[PDB]
Each structure stands twice: as C-alpha cells, then as structure tokens.
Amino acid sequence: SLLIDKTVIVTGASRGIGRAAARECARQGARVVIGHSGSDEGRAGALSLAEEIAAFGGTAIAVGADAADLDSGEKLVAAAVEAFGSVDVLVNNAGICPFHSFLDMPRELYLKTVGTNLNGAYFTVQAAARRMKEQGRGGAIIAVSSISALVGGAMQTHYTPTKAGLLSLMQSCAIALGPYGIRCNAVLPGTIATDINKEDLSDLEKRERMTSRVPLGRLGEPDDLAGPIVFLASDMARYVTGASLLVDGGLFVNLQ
C-alpha cells in the first residue's frame, strides 16, 4: 500500500477520473478528501465514493468547492487539515471541456474555462503547496491535463491552452517547490469514456472510429488513470517531478 498515511486532496471527484483516483488512493491506504462541484450531483457522487471507501475499511471526507472560485483551494486544505491534520497530495482534476467553434467563441464561455481549468487550478496548487511547505515533509502534486496539451483540437481552442498551461504550471512549480520536496507532475489521459466525451460517444458513429485509433484496441475508463496517479503520488516516484505521463493506450504515437 503506497499512501498508508498520506492524506490526498482530489478535486472534482464526483465522477470520472477524479472519482476513480480518490477510490484507488483509499485502497492504497490514503486518507482521502473527496472534493466536488458543490452541486447536488457532486454531493451525491462524493458521498457514494465516501461510503464505498469505508465499505472496504478506508476513510474519507466529502467537501464541496467550486474550482472557478479561487478560494476553494485554501478551503479544501482547511477541510483536510481539520479532518486529517496534513496536506500531502493534491490531484487537481477539476475541469470542463464545452466543445465549441473558435471564430464564434463567446467571451464568457472562454473565460469560464480559463478560470475553471487554469486560474482555479493555479490557486488550488498554491494553497496546497504552502501547506506542504510549512509541513516540511514534502509532498506530491498531480495535475490532470490532456493529450491535447501536446496536440490541437478544432473545437477546443479555448480548452487546449488551459491543458497545456496545466502542464507548464507543473513544470515551473517543480522548480519553485523542488527544494521543499514537493514534486509536481501531470497526467495526460487520452480518450477516456467519461461524461466529457459522452456527447461524442452517445452518437456511437465514430466511437468505432475513436477505438480504431487507439493501439490498445479499447477506449479509456477512469480506473485507467488511477494507477498512474497514485504512482506519481507515491515513493515509487520520489525522483519524478516536472514530468508528464501519457495515459492514452498509444493514441498519441499512432499517426495515421
């Protein structure tokens, strides 16, 4: 078990990658904080994860927090220190991807995605990093960006820069927090059959073409990101910081 006493903050853990990451952390011994949207969907799924975690002997807390609200980071660590006394791992997973054309992009739609995926993340890692610094025992930070941090997307001109900015954030934060033992890394998932990609997969017309492009012959599911995220949060990656890791089943390298 890899996080036997580390307490892990996972944002946007209602469903998708964030949910499966928080669950596997508890299975490795972590004391998870299940952050969510503060919506009733977020509140319900988080309790479900919290209830499922204690079902096999784990412990966790559900805390609502809007990633666009720049005060959510310090509230999430404040809930984590009040509940478990320390902040050791931050999985900044919260984000949105509203597909939209570029030349007619609304200013509000763009600024809501930059604030949620980038700006809100910047102050969640900041509030978390501070706690790891004055704790003096190090820590791990994992940002969930995208394969789109390395390529483009015609309907994601407002999305891919936030994901490439999350990667770059982990690169610079790796330098600023390096001397304090705080390693910062990014996971770049490929096509994960989640709710963000539901509108495309609900067509089931090019899902067969989506799967065709993945060399592993299948789409990703949230538990594909659980293993890599807890690896980056563990002592198995003690010398890993400023790195990205593609979790895409070969999608990136498979040129056609």
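Note that residue numbering begins at 1 and tracks the sequence as displayed.
Of the two segments examined, 198-206 and 25-33, it is 198-206 that shows the higher average Cα temperature factor in the deposited entry.
Taking the mean C-alpha B-factor of each stretch as recorded, 157-165 and 82-90 are not equal, and the higher mean is that of 82-90. Which of 229, 188, 219, 63 has the largest Cα B-factor in the deposited entry comes down to 63.
Among the modelled residues of the chain, residue 255 sits in the middle third by CA temperature factor in this PDB entry. Per the deposited record, the Cα B-factor of residue 178 falls in the lowest third when ranked against the other modelled residues of its chain.
Among the modelled residues of its chain, residue 242 has a C-alpha B-factor that falls in the lowest third according to the deposited record. Sort the modelled residues of the chain by CA B factor and residue 70 lands in the highest third. Ranked within its chain, residue 95 lands in the highest third, by CA B factor from the PDB record.
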